[PDB]
């Protein structure tokens, strides 16, 4: 009932908020905001103060149409941030990356969790993650960020997601990553149209059958934007609503831009579930 890494524990009996720290110039909602060290550190402290129990550090945007980032570039964006945070704060450090080198160097810098939207499918990533001994989040995606929003299609969405997770859990275990080190994310917005996203949100509780923690990320995405017809920074309410729905179905970790609001909503959820 707790996740663990390097002496840290995380309470999975109540919703946990993961604060998003983009260290990119081009992230869809906040590129260029926390792009440098003192600003990143400031934003992380703000999220911690607002009640985040994990900080997700990402140096590669993976939005629809996102450009490629070189190994060295991603390393330069990510590892000094991990290092500075690891030295200052008692909090879970998640690294949103798919690269083997970033996985390894971030682990050396003191990271706790590998958040890979590509589920360790890049060359060397599976072996690199294995050697870290750290927990790993596997995420469902149809296609790649360059083409995932070109005609998304499913015979049955939940069936595909289940098969994907079953296949990749097996890969991880065979590579020496214990099943209990794994987290599952059905990947909202990743090769899924508006209907798919809400179908998934409506059916989210079905994914508990794997008996692994669920992590979800809907914050400021087009699944909110397309319904409300508002820019990313004005999607806080819609994003919080999605968080509440997900958490009411027992999703354990919520990945968000707007930590304070999400934390406040999770309090209400927690009080409702425990009654």
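Positions refer to the first chain, counted from 1.
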Open item on the list: I want to check something about residue 34: across the other compared entries that model its neighbours, is it left unbuilt in at least a third?
Closed with: yes
Task: Cross-entry absence of residue 21, a third or more of other PDB entries - done: no
Task: Higher-B stretch (mean Cα B-factor, as the entry records it), 187-195 or 87-95 - done: 87-95
TODO: Return whichever of 1-9 and 264-272 has the greater mean Cα B factor according to the PDB record.
DONE: 1-9
Open item on the list: Among the choices 77, 118, 203, 112, identify the one whose CA B-factor in the record is greatest.
Closed with: 77
TODO: Return the residue from 136, 157, 141, 175 that has the highest Cα B-factor in the entry.
DONE: 175
- [ ] Can you work out whether the C-alpha temperature factor of residue 222 puts it in the lowest, middle or highest third of the chain?
- [x] lowest
Task: Chain thirds of CA B-factor: placement of residue 33 - done: highest
Task: Among modelled residues of the same chain, the CA temperature factor third for residue 212 - done: middle
Open item on the list: Where does the C-alpha B-factor of residue 62 rank in its chain, lowest, middle or highest third?
Closed with: middle
Open item on the list: Where does the C-alpha B-factor of residue 69 rank in its chain, lowest, middle or highest third?
Closed with: highest
